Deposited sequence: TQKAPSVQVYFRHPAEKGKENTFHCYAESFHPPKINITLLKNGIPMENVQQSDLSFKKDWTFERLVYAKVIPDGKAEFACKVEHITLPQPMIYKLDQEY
């Protein structure tokens, strides 16, 4: 009945230095819906962050999208997810 988040991080386009992009962190398949999702650039929370409304699937598990505009350069992007099923916060690093 408690279910842990399945999480995924990605850019809208494959990165390019100086070319503006959108960084996303997406969580799904979790329960209860309380969840905290923080976009990190080099470990520091990003500013100007947006988050979608809370919806769920036909199996009742919740979904949440979190994103922010950003300009890549050769600087690290990650996502910190906290949830009742996660005893420690879990960081999802974006590669490429």
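Missing C-alpha coordinates mark the following deposited-sequence intervals, in order: 75, 98-99.
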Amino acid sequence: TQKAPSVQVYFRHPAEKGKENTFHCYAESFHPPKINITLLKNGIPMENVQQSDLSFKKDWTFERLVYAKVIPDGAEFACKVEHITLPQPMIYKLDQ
From here on, numbers count along this sequence of modelled residues.
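The mean C-alpha temperature factor is higher for 65-73 when 51-59 and 65-73 are set side by side.
Judged by mean Cα B factor in the deposited record, 79-87 ranks above the other of 5-13 and 79-87.
Among the modelled residues of its chain, residue 43 has a C-alpha B-factor that falls in the middle third, as given in the PDB entry.
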